[PDB]
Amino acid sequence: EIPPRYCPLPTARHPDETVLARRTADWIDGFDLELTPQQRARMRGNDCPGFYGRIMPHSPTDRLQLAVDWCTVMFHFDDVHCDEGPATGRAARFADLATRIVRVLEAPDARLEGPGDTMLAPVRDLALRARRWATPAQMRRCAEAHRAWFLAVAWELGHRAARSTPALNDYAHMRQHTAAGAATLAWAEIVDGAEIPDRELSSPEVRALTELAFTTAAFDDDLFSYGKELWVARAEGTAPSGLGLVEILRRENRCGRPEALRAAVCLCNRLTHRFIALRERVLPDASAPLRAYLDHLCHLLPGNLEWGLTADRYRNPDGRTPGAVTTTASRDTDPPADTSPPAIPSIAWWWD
């Protein structure tokens, strides 16, 4: 039971999810991943078309397919190449693969395949399709968003190998990157087909809006995937992972699980309010591509929640247990009473 979330933003579904699902399943099947039926079922439970369709419900299907296909292969990357394989040489293996992915995005004919490689062929295909539509700056943004994601995953793998729990001030600014927030959303302006001006994207107010949105969505992800984490921990007989806002607040405040859930939701509510309030100040002078970017972030927050609460990824985790985890949520219609910055110095500047 997730305490009431404040997110007064409308959500909508793309009308062509079935087509996007079919094409993305056909697309990923065309490479050399040797997907088992269990793996194909898990990808269905991921519902990539439902996810990105909620971010861009009005976009043309053939263009949105590019972002859906990226989600498809990167969910597989997460499940198969992040914190997997032999413990010996795990960090080195990840850094090796991660840098090849980034290079293929920059140089699709780099020919970096190794013995048994599977990931680079679809990545190359995404980069080649992206380059038909994207400006050079947009392609650069994709590569750098992937670097920020992958450096954060290397950070995260260190905590998982130590089974340690990050301090809140560290998690609070890193979580947007372990969630690949920017790498997920970089595809949007390519789908839209117009470059967001660098001076806008780089301005402090837009940087704040960007980090606010990606952090809120990732914390929401921590909340609607918490049940699956407790499921895994119970199956494997271990404590839940410390890589999650709920467990971080539980450890930091020496509180119960219900109290930590309330504190996590309270933080999400304050970030969401700040995003909305800062949005109102930025929109008057925003260019049309910036306005579209902020529209995508506005659909991301409620769309991410609806997707995460209803996708089988966080309800039937292994793909063989319908209803193993059921997460419920509420909508708080009242804004947070406290609109001041939280005592988290790594993110406090969002309230500047």
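Start at 1 with the first residue shown and count on from there.
The stretch 193-201 shows the higher mean C-alpha B-factor when 193-201 is compared against 135-143 in the entry.
Of the two segments, 243-251 and 109-117, the one listed with the higher mean B-factor is 109-117 (C-alpha atoms only). Across the options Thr18, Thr328, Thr24, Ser340, the residue with the most elevated CA B-factor in the record is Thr328. Among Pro122, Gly158, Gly181, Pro258, the highest C-alpha B-factor in the deposited entry belongs to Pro258. For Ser59, the recorded CA B-factor ranks within the middle third of the chain. Only modelled residues enter the ranking. In the deposited entry, the Cα temperature factor of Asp318 places it in the highest third of its chain's modelled residues. In this PDB entry, the Cα temperature factor of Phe77 sits in the top third of its chain's modelled residues, the highest group. When all modelled residues of the chain are sorted by CA temperature factor, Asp32 is found within the highest third.
The PDB entry assigns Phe219 a C-alpha temperature factor belonging to the lowest third of its chain's modelled residues.
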